[PDB]
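Listing of target_1.txt, compact mmCIF, C-alpha atoms and all ligand atoms
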# COMPACT_ATOMS: atom_id res chain seq x y z
CA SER D 1 0.00 0.00 0.00
CA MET D 2 0.90 3.55 0.73
CA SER D 3 4.67 3.94 -0.03
CA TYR D 4 5.12 3.93 -3.83
CA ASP D 5 1.34 3.62 -4.36
CA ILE D 6 0.95 3.79 -8.14
CA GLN D 7 -2.66 5.20 -7.90
CA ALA D 8 -1.94 8.11 -5.43
CA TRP D 9 -1.46 10.53 -8.36
CA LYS D 10 -5.18 10.50 -9.17
CA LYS D 11 -6.35 12.13 -5.95
CA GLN D 12 -3.31 14.51 -6.04
CA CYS D 13 -4.37 15.59 -9.53
CA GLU D 14 -8.00 16.05 -8.34
CA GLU D 15 -6.75 18.31 -5.58
CA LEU D 16 -4.52 20.30 -7.94
CA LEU D 17 -7.42 20.87 -10.39
CA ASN D 18 -9.46 22.05 -7.42
CA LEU D 19 -6.82 24.70 -6.64
CA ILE D 20 -6.73 25.70 -10.41
CA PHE D 21 -10.52 26.06 -10.55
CA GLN D 22 -10.18 28.53 -7.56
CA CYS D 23 -7.55 30.68 -9.27
CA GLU D 24 -8.87 33.85 -10.95
CA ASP D 25 -6.14 33.20 -13.56
CA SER D 26 -7.96 29.97 -14.78
CA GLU D 27 -11.24 31.78 -15.52
CA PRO D 28 -10.59 32.05 -19.31
CA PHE D 29 -9.59 28.31 -19.36
CA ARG D 30 -12.36 26.52 -17.34
CA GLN D 31 -14.66 25.73 -20.20
CA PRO D 32 -14.18 24.82 -23.79
CA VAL D 33 -13.90 27.97 -26.01
CA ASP D 34 -17.36 28.57 -27.53
CA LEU D 35 -16.54 27.33 -30.99
CA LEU D 36 -19.92 28.34 -32.42
CA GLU D 37 -19.47 31.82 -30.82
CA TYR D 38 -15.74 32.37 -31.65
CA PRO D 39 -15.44 31.45 -35.26
CA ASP D 40 -11.84 31.40 -36.32
CA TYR D 41 -10.59 29.56 -33.18
CA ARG D 42 -10.47 26.25 -35.17
CA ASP D 43 -8.60 28.06 -37.95
CA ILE D 44 -5.76 28.58 -35.37
CA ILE D 45 -6.05 25.74 -32.82
CA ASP D 46 -5.99 22.10 -33.82
CA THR D 47 -6.91 20.45 -30.49
CA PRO D 48 -8.86 22.62 -28.13
CA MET D 49 -8.50 21.80 -24.36
CA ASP D 50 -9.74 23.21 -21.13
CA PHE D 51 -9.74 22.45 -17.43
CA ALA D 52 -13.34 21.08 -17.22
CA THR D 53 -12.47 18.58 -20.00
CA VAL D 54 -9.30 17.53 -18.11
CA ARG D 55 -11.23 17.13 -14.79
CA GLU D 56 -13.80 14.91 -16.56
CA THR D 57 -11.23 12.79 -18.43
CA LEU D 58 -9.65 12.11 -15.04
CA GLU D 59 -12.98 11.32 -13.32
CA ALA D 60 -13.90 8.99 -16.16
CA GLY D 61 -10.57 7.01 -15.74
CA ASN D 62 -9.28 8.01 -19.17
CA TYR D 63 -5.78 9.04 -18.09
CA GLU D 64 -3.30 6.15 -17.81
CA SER D 65 -0.75 8.29 -15.97
CA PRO D 66 -0.26 11.79 -14.54
CA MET D 67 2.04 12.39 -17.58
CA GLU D 68 -1.04 12.02 -19.81
CA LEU D 69 -2.88 14.52 -17.66
CA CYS D 70 0.12 16.91 -17.71
CA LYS D 71 0.15 16.72 -21.57
CA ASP D 72 -3.44 17.87 -21.76
CA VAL D 73 -2.86 20.72 -19.31
CA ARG D 74 0.23 21.86 -21.27
CA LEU D 75 -1.99 21.95 -24.34
CA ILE D 76 -4.32 24.41 -22.66
CA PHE D 77 -1.26 26.70 -22.24
CA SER D 78 0.33 26.14 -25.60
CA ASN D 79 -3.12 26.83 -27.16
CA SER D 80 -3.39 30.17 -25.26
CA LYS D 81 0.16 31.17 -26.26
CA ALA D 82 -0.79 30.44 -29.90
CA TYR D 83 -4.11 32.29 -29.84
CA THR D 84 -2.97 35.16 -27.59
CA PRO D 85 0.77 35.54 -28.40
CA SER D 86 1.22 39.24 -27.19
CA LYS D 87 3.26 39.70 -23.99
CA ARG D 88 1.12 42.85 -23.49
CA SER D 89 -2.19 40.94 -23.32
CA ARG D 90 -3.55 40.40 -19.84
CA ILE D 91 -4.74 36.99 -21.07
CA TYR D 92 -1.19 36.15 -22.03
CA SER D 93 -0.02 37.12 -18.54
CA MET D 94 -2.83 35.04 -16.84
CA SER D 95 -1.89 31.98 -18.85
CA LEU D 96 1.80 32.48 -17.99
CA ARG D 97 1.10 32.87 -14.25
CA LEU D 98 -1.23 29.85 -14.14
CA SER D 99 1.17 27.71 -16.25
CA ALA D 100 4.05 28.41 -13.79
CA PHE D 101 1.74 27.62 -10.81
CA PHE D 102 0.76 24.32 -12.47
CA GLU D 103 4.37 23.26 -13.30
CA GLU D 104 5.46 23.97 -9.76
CA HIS D 105 2.73 21.79 -8.21
CA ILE D 106 2.74 18.95 -10.77
CA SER D 107 6.50 18.51 -10.47
CA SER D 108 6.30 16.38 -7.25
CA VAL D 109 3.31 14.38 -8.57
CA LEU D 110 5.30 13.26 -11.60
CA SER D 111 8.53 12.53 -9.79
CA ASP D 112 6.73 10.51 -7.07
CA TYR D 113 4.82 8.51 -9.71
CA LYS D 114 7.97 7.75 -11.78
CA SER D 115 9.82 6.76 -8.55
CA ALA D 116 7.01 4.33 -7.78
CA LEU D 117 7.03 2.77 -11.28
CA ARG D 118 10.83 2.35 -10.93
CA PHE D 119 10.56 0.61 -7.51
CA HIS D 120 7.90 -1.84 -8.65
CA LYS D 121 9.68 -2.68 -11.93
CA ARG D 122 12.91 -3.31 -9.95
CA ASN D 123 11.08 -5.56 -7.35
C1 LIG D 201 -9.23 30.45 -23.88
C2 LIG D 201 -8.96 31.56 -24.86
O1 LIG D 201 -8.34 31.34 -25.89
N1 LIG D 201 -9.49 32.79 -24.59
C3 LIG D 201 -10.37 33.06 -23.45
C4 LIG D 201 -9.24 34.00 -25.42
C5 LIG D 201 -10.55 34.59 -25.89
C6 LIG D 201 -11.03 35.84 -25.45
CL1 LIG D 201 -10.20 36.69 -24.19
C7 LIG D 201 -12.19 36.41 -25.94
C8 LIG D 201 -12.94 35.73 -26.88
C9 LIG D 201 -12.53 34.49 -27.33
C10 LIG D 201 -11.36 33.94 -26.83
CL2 LIG D 201 -10.89 32.36 -27.37
MG MG D 202 -6.64 7.28 -23.99
Render the structure in this file as C-alpha cells.
Amino acid sequence: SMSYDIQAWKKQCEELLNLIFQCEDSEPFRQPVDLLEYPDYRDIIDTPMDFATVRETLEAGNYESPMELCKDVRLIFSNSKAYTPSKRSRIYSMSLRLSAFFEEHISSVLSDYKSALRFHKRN
C-alpha cells in the first residue's frame, strides 16, 4: 500500500485541479472555447482543451498516468500562447502565471509517480 502507491497521483491531480478552478487566472480556461461563438478559433487551434475537459477525463478514468494529464494541461497553455501571443495581453499574462503555478505543483506528482514505477519494476 501507501509507499510507492501507483494510484496516489489520481487524488493529487484532483486536488490540484481544485486549486486551479479557484484561481482567478484559470477563468478564461475553465470551459471549452465557444466554438460556435468564436469562429476562427479552429482556424488557429488544432486540439482545443480546457480544465473542465481535463477534470472529466480524469474522473472517467481516461488518463493512464499523470504524464497524460500533464500533456493535456500543457496543451491548454500552448493553445493560449498560440491564440494570444502578445506579452502585453492580460490573457497572455494570466496563462503564464497559471502555467508556472501548475508546473510547480505537478512537479512532485510526476517525480513521485515515476519513482514508484521504478521501484515496482525493480522488485
Ligand atoms: C481560452 C482563450 O483562448 N481565450 C479566453 C481567449 C478569448 C477571449 Cl479573451 C475572448 C474571446 C474568445 C477567446 Cl478564445
Ligand atoms: Mg486514452
Produce a table with one row for each residue of chain D that has an atom at most 12 Å from any atom of ligand LIG 201 (chain D), each row naming the nearest atom pair and its distance in Å at one decimal; use only C-alpha atoms and all ligand atoms; arrange rows by chain and rising residue number; format as a tab-separated table.
residue	atom	partner	partner_atom	distance
D:25	CA	D:LIG201	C3	10.8
D:26	CA	D:LIG201	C1	9.2
D:27	CA	D:LIG201	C3	8.1
D:28	CA	D:LIG201	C3	4.3
D:29	CA	D:LIG201	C1	5.0
D:30	CA	D:LIG201	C1	8.2
D:31	CA	D:LIG201	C1	8.1
D:32	CA	D:LIG201	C1	7.5
D:33	CA	D:LIG201	CL2	5.5
D:34	CA	D:LIG201	CL2	7.5
D:35	CA	D:LIG201	CL2	8.4
D:36	CA	D:LIG201	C9	10.9
D:37	CA	D:LIG201	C9	8.2
D:38	CA	D:LIG201	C9	5.8
D:39	CA	D:LIG201	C9	9.0
D:40	CA	D:LIG201	CL2	9.1
D:41	CA	D:LIG201	CL2	6.5
D:42	CA	D:LIG201	CL2	9.9
D:43	CA	D:LIG201	CL2	11.6
D:44	CA	D:LIG201	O1	10.2
D:45	CA	D:LIG201	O1	9.2
D:47	CA	D:LIG201	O1	11.9
D:48	CA	D:LIG201	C1	8.9
D:49	CA	D:LIG201	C1	8.7
D:50	CA	D:LIG201	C1	7.8
D:51	CA	D:LIG201	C1	10.3
D:75	CA	D:LIG201	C1	11.2
D:76	CA	D:LIG201	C1	7.9
D:77	CA	D:LIG201	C1	9.0
D:78	CA	D:LIG201	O1	10.1
D:79	CA	D:LIG201	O1	7.0
D:80	CA	D:LIG201	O1	5.1
D:81	CA	D:LIG201	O1	8.5
D:82	CA	D:LIG201	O1	8.6
D:83	CA	D:LIG201	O1	5.9
D:84	CA	D:LIG201	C4	6.7
D:85	CA	D:LIG201	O1	10.3
D:86	CA	D:LIG201	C4	11.8
D:89	CA	D:LIG201	CL1	9.1
D:90	CA	D:LIG201	CL1	8.8
D:91	CA	D:LIG201	CL1	6.3
D:92	CA	D:LIG201	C4	9.0
D:93	CA	D:LIG201	CL1	11.7
D:94	CA	D:LIG201	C3	10.2
D:95	CA	D:LIG201	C1	9.0
Can I get the residues close to ligand MG 202 (chain D) as a PyMOL selection string, where close means within 8 Å and we count all atoms listed in the file?
-> chain D and resi 62-64
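Comparing D:55, D:119, D:70, D:87 by their smallest distance to residue 21 of chain D, the closest is D:55 (using only C-alpha atoms).
Of the listed residues D:107, D:99, D:123, D:65, the one whose atoms come nearest to residue 9 of chain D is D:65, with distances taken using all atoms listed in the file.
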Near residue 59 of chain D, counting only C-alpha atoms, which residues have an atom at most 12 Å away, once you skip same-chain residues fewer than 2 positions from it, shown as number ranges by chain?
-> D: 10-11, 13-14, 17, 52-57, 61-64, 69
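For the choices D:116, D:105, D:98, D:71, the atom-to-atom distance to residue 12 of chain D is smallest for D:105 when using only C-alpha atoms.
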Neighbourhood query: residues within 12 Å of (7.7, 8.9, -10.7), file coordinates, counting only C-alpha atoms; return as an MDAnalysis selection string.
-> chainID D and resid 4:9 65:67 106:121
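If you look at atom CA of residue 97 of chain D and atom CA of residue 58 of chain D, they are 23.4 Å away from each other.
Interatomic distance, atom CA of residue 3 of chain D against atom CA of residue 22 of chain D: 29.7 Å.
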Edge lengths and centre in Å to one decimal, as JSON, is what I'm after for the box along x, y and z that holds all listed atoms of segment 47-57 of chain D once 4 Å is added on each side.
{"center_x": -10.4, "center_y": 18.0, "center_z": -22.6, "size_x": 14.9, "size_y": 18.4, "size_z": 23.7}
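The spacing separating atom CA of residue 73 of chain D from atom CA of residue 102 of chain D amounts to 8.5 Å.
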